[PDB]
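Here you get one chain, nothing else, as C-alpha cells; it is the form deposited in one PDB entry.
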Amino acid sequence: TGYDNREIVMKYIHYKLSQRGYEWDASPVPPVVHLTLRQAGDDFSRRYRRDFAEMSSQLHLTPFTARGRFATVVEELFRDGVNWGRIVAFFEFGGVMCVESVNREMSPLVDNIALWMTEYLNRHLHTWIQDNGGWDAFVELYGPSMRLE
C-alpha cells in the first residue's frame, strides 16, 4: 500500500517546469498530497534558493554525467537517515536539475531525472515513508504551515 511514487514525481516535475513556461509531456494519489508537496517545495526553494543557485551554476551537466551528480547529492542527503525535510530537499534538488536541463537545451534529461527520483523513492525511501505514516503524515505535518498562507 501507500501511494504511487511515480505519479508523485511526475506531477511534481511537471509543475516545476510549467511554472517556468516549459511544457513537459512524458494506489491513486489524492490531490492534497500533490498540492502539499508543490507548496512545501516552493517554500523550501524560496528559503534555500541561493544554495541551489550556487549548485546549479557550478554544474557541468551532460547526459552521461548527470546520473553521477544526482547520485552523490542524494547519497549524502540520506546518509544517516530520512526525515520529511530531507525528502523535500530531495524533491527540489531533482527539480533544479530538471530546470537546469531545459535551460541548457538538454530537455530529454528531465525524463531520466524523473526516473532516478522514482527509483530512489521506491527502492530507498518507501519503507521509511510507510513506517512514518505515509504521505498523509506529511500532509498533516505541513498543514500548519499551509494554513498561514
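Residues that one form lacks are left out of the comparison. C-alpha atoms forming the largest set that superposes within 1.5 Å between two forms make up the rigid core. Quick note: we count residues from 1 along the sequence shown, nothing fancier.
Peer 1: With respect to the deposited sequence, how many residues separating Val32 from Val33 are not represented by coordinates: none, 1 to 3, 4 to 9, or 10 or more?
Peer 2: Going from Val32 to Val33, the model skips no residues of the deposited sequence.
Peer 1: For the stretches 121 to 129 and 16 to 24, which has the higher mean C-alpha B-factor as given in the deposited record?
Peer 2: 16 to 24 has the higher mean C-alpha B-factor.
Peer 1: Taking only the CA atoms, which stretch has the higher mean B-factor in the record, 96 to 104 or 82 to 90?
Peer 2: That would be 96 to 104.
Peer 1: Would you check the entry's CA temperature factor for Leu61 and let me know if it's in the chain's lowest, middle or highest third?
Peer 2: Highest third of the chain for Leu61's C-alpha B-factor.
Peer 1: By the record's CA B-factor, is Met55 among the lowest, middle or highest third of residues in the chain?
Peer 2: As the PDB entry reports it, the C-alpha B-factor of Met55 lands in the highest third of its chain.
Omitted here: the form deposited in another entry. The next part is about that form.
Peer 1: Which one moved? Candidates are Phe90, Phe52, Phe44, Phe70, criterion is a Cα shift of 2 Å or more between the shown form and the other one after superposing on the core.
Peer 2: Everything else stays below 2 Å; the exception is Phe52.
Peer 1: If the C-alpha spacing of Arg50 and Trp116 moves by 3 Å or more in that other deposited form, is that a move closer or farther apart?
Peer 2: More distant in that other deposited form, by 3 Å or more.
Peer 1: Indicate closer or farther: the Cα atoms of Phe44 and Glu54, in that other deposited form, relative to the displayed form, with a change of 3 Å or more.
Peer 2: Compared with the form shown here, the C-alpha atoms of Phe44 and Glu54 sit closer together in that other deposited form, by 3 Å or more.
Peer 1: So which segments really shift between the shown form and the other one, if a segment has to be 3 or more residues long and each C-alpha must move 2 Å or more after the rigid core fit?
Peer 2: Those runs whose C-alphas all shift by 2 Å or more are 49 to 56, 58 to 60.
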